[PDB]
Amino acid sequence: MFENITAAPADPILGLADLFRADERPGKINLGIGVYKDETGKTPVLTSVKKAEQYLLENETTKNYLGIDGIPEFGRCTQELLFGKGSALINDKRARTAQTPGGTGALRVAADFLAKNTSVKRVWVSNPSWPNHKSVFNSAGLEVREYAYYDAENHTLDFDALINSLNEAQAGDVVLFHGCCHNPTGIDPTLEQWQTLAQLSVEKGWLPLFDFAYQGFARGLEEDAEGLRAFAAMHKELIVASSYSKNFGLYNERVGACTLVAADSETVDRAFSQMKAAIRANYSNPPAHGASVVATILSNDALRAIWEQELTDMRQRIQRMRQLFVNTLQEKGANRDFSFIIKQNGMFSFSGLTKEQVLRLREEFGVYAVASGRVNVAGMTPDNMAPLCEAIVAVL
């Protein structure tokens, strides 16, 4: 039965890693990575995370199953994190949170939940967006359409084309928004633009679905949520798929959550059981380790004080690199203006390099980037900065 099965195509982020490895030049650089790296080039385990893991080693007495929705404190902590400590969505018991395997797992579950218990046929994602969005939504058998977003000429948010493309969306269509640190552009709306999309969202009858994977990387844990929180003040319904991969550096333990908010307690409870029904048919119940680690840190003042500092250092290192990158490009004679790079948030950014330029970078120099010209700013260290800027200047 597997005889005529056709090879699945190679993934971009994934196909470059190898070629990089087997590149085996001398002083090469990987800017196509999808993870955080520190000054030294490694992706360490947060100290707060390691203290939490010792705690668990010493206190876990069983590995008995978790409920389908996972750890309760994990669910409280995230709700507070998203909607804020005093939010009414929480006090009116209007939101229900399920622990899932990663931000991606949260996304697939919302998809299956939506595709089987609702009249949703389409989900609108930005152009561009993390590539894996189309694949998760196509799996649950939903259509994905594209809305404008990025201005390739000016390197900003073409708010107009956005709104103008979002008028084709019908009442009842799902619209996906990146909460902060848009992947891959690094371009996020302003608070006033978030408020405008909120009003437009209820007027048109759209179902907002937020993918919140980088809370804490643009400006702060709280500032990074004004957008989502601006929609939650106005909507009756909403879905949030968040992930703790980047911000707790817990990538391989699959830690995220899919939050459902309805008009009230009875509807979320009724709607959430169908969401639990969808989890049961997929992976049954979620992996305890990462989530226990997150609940433990978020709920101890000592440990949480340390995590916030660690997350702040990551945030600040990234903001250093973006400044030092446009600065070193300038000293090296950089032909063009890369200053827009400092206006964008998070680890990603389109460098505005040409597919053929990216190829030249990888062949003639050791510089590796994704064909879209997307580079991961976290792969830049003060040490490799100079040879990197010199290679890019040589291709402009």
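Each form is matched to the other, and the largest set of C-alpha atoms that superpose within 1.5 Å is called the rigid core. The first residue of the shown sequence is 1; numbering continues from there.
In a rigid core superposition of the other structures in 4 other deposited structures of this protein, 321-329 and 108-116 differ in how far their CA atoms stray, and the farther one is 321-329. The rigid core fit leaves 28-36 as the farther-lying stretch in 4 other deposited structures of this protein, judged by Cα positions and set against 28-36 and 56-64. As listed in the deposited structure, the average C-alpha B-factor of 140-148 and of 161-169 is greater for 161-169. Per-stretch averaging of Cα B factors for 19-27 and 382-390 places 19-27 on top. The entry lists C-alpha B-factors for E73, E80, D264, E253, and the highest of these is at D264. In this structure the maximum Cα B-factor among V45, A334, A52, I341 is found at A334. Residue-level temperature factors show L329 in the highest third of its chain, judged at the C-alpha atom.
Among the modelled residues of the chain, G103 sits in the lowest third by CA temperature factor in this PDB entry. Residue-level temperature factors show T62 in the lowest third of its chain, judged at the C-alpha atom.
Among the modelled residues of its chain, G216 has a C-alpha B-factor that falls in the lowest third according to the deposited record. The entry lists a Cα temperature factor for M347 that places it in the lowest third of the chain's modelled residues.
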